[PDB]
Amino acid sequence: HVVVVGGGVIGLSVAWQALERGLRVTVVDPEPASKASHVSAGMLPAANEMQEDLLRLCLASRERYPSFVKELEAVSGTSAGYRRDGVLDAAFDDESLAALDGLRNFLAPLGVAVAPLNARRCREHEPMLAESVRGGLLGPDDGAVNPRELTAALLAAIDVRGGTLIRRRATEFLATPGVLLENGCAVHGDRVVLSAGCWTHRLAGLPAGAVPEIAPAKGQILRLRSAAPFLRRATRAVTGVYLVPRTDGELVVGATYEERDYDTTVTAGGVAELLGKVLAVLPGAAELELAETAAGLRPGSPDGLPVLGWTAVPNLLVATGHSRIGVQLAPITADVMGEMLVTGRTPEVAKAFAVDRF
């Protein structure tokens, strides 16, 4: 029996896979998949700026995505919203075209399908790009997922396998381990896993130093809409901004990266920045409906790398600090914590993210 605290994409995912491996699971979260995971664009390109250990974690998660989704859609009988029709990286000036050559050279060694495109061919793949486009890479095996549909499926699956969901705040950690809930009741389990995003470290009762600081990094994000999709595929455009089309006309446009503590106010400043970026690279998007503006807090860590594994406190694990890439990493995270729970050992691929490194 494992108690998972926080039920965003990371903790739902851990909970599901733990169930898949015969364990008994309880998820504690007053509003599951309501925070960063609700707001997230869920883009899944092969890589990004953010280093070699983390790369190996990502590529593995990438390897696993298709099988993870399929296993899930089967259990839940729900769609998860994973699309694999490719990610397009587009560059708009010398400096960003330079970075793309660097990127190609980074990706080929690792058997990631990449296809360089000249300006002409960038425009043929996406007619809606601005003529100022200079070059681009297509990564046809990459794509995007809708985290809203993914977290819904995870819930359905967790339920189907008979995991419990307690929609209450965990107010305190208890020494077997357990948590106290806002309504006075307690939940203990043979293992506790903390996966509460930027609130993880804040839970009262945690022994000093047990969990590192998971600092919020605010991100505003918007969603445009049209009757039929406007953009052909997940598209990332740099001088940057990313643009994730959904099957139903939704078009996600992210993202600001800001340091504002726990604030999730949508600001004239934020929205203008995003709108400027997207209109710059997709001039026809002017008439697209502005359907939603929103703002989430990315879970950070002191060195900006994920925090997975055992704490100094016995039977108390964590799975958090995924910052900009939790949707991408969710599946590997769920395996690695699975194994950890069952075997008690730490898979090689996760060793670099132990908590004890601080």
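From 1 onward, residues are counted along the sequence shown.
In terms of unmodelled positions of the deposited sequence, the stretch from residue 239 to residue 240 in this entry skips 1 to 3 residues. Per the record, residue 50 and residue 51 are separated by 1 to 3 deposited residues that are missing from the model. Stretch comparison (287-295 versus 302-310) by mean CA B-factor in the PDB entry places 302-310 on top. For the pair 256-264 and 123-131, the mean B factor over Cα atoms is greater in 123-131. As recorded in the entry, 228 carries the highest CA temperature factor of 87, 196, 160, 228. The PDB entry assigns the greatest CA B-factor among 148, 218, 104, 246 to 104. In the PDB entry, residue 5 places in the lowest third of its chain by CA B-factor. In the PDB entry, residue 154 places in the middle third of its chain by CA B-factor. When the modelled residues of the chain are ordered by C-alpha B-factor, residue 76 sits in the middle third. Annotation for residue 276: C-alpha temperature factor in the lowest third relative to the rest of the modelled chain, per the entry. Ranked by C-alpha B-factor against the other modelled residues of its chain, residue 322 falls in the lowest third.
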